[PDB]
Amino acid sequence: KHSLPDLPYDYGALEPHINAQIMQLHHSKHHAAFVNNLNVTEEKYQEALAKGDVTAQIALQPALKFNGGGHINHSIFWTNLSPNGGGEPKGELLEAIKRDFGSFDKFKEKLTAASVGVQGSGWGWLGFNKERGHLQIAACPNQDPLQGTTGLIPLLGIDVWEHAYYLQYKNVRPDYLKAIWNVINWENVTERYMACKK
């Protein structure tokens, strides 16, 4: 079974950028809903798998992808943020971003464009392509996890569901996007980059 992990900071440590009412809620409600549904569904999968029931397996695919991706997606999201966040990353990570996007600001503009373009619920991502050996930007719908659905390795993600900035920025998604860069834990993004730089 899975569990809800604690945050590496407080519910209000991301203020004024990300409201505390949003943070506690995004964690305790939304993210918590995900892990339980994930556990219930996973067991309903074990029931039909041993049973040899393919119809049941297939019927359980959407719930499993939604709650499972919700789990995976948000878990990586928390570690991407930090009260000691913002600025430009350093070392090899910044060189890769330069080698692949020209500069840090060109990279910023694009991840902003891809996240602001998601119609309905989705996520903006910065991923490492293990095969071609370079960084890519991708957008995923609802809770579809980046790696499970694309093979790209998730370095940095931006939750652009309306429950992630509405209480604060309302229908204005670019304001939230302008702000998110000030709480980004580049320590972690580099950390995830070293693991797959293999």
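In case it trips you up, residue 1 is the first one in the sequence shown, and so on.
- When 115-123 is weighed against 95-103, 95-103 comes out higher, by mean CA B-factor as recorded in the entry.
- When the two stretches 137-145 and 24-32 are set side by side, the higher mean Cα temperature factor goes to 24-32.
- Among all modelled residues in its chain, residue 130 ranks in the highest third by Cα B-factor.
- Sort the modelled residues of the chain by CA B factor and residue 46 lands in the highest third.
- The deposited CA B-factor of residue 84 belongs to the highest third of values across its chain.
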